[PDB]
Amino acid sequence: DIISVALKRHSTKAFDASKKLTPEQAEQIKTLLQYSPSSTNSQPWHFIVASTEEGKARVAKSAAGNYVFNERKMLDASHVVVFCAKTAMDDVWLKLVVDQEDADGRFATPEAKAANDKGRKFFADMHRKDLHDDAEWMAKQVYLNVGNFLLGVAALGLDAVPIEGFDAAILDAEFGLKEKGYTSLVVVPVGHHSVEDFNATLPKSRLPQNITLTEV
């Protein structure tokens, strides 16, 4: 069943502009985005969900130059999700997280809450103060969300395609992302594929496990 989803799922190359998500599906994809796991529950992300013609047109502006070939996808799909990562890990965000966990009832005592904050604060520093790779660290969490989203959407019976071929400088500018602390990394149009999706009937291809997998 889930393996069936994983084996039949595919990157749609063309969407049917007349096929939309049901209001229920639309709510579900947002839930998928929100509840993805992340290191220390950092959730260093922001998402832009374009579902209107005007909204999608703005996103598609990022599909120019060498990426015009991805424009149709953004324009024709039902919903287009823009996965964004924070550009820097700050204490105000760290406090926001632990406070949400607290409001959600994950701490039986203030010291348990302090212990959690110190733990998160410890790995955040290791990345920003020591390794100096917090941008990459948070960007990795976003991709993990993307991975969770792609399988999820497929299990909902919806078509989608993860997109890296777009101009992030344009996309960020179009939504003032940098001046808000974020930068776009991946774009994911969602909907139903059209008869023009040649990849819907092509066999899936992956390297043999004897190359990529070792058992011990």
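Don't overthink the numbering: it's just position in the shown sequence, from 1.
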query	finding
Mean C-alpha temperature factor, higher of 130-138 and 75-83	130-138
Selected stretch [higher average CA B-factor]: 52-60 or 154-162	52-60
Of the residues 144, 114, 103, 97, the one carrying the largest Cα B-factor as recorded	114
Within-chain third of residue 175 by Cα B-factor, per the entry	middle
Position of residue 65 among the chain's modelled residues by C-alpha B-factor, lowest, middle or highest third	highest
Within-chain third of residue 10 by Cα B-factor, per the entry	middle
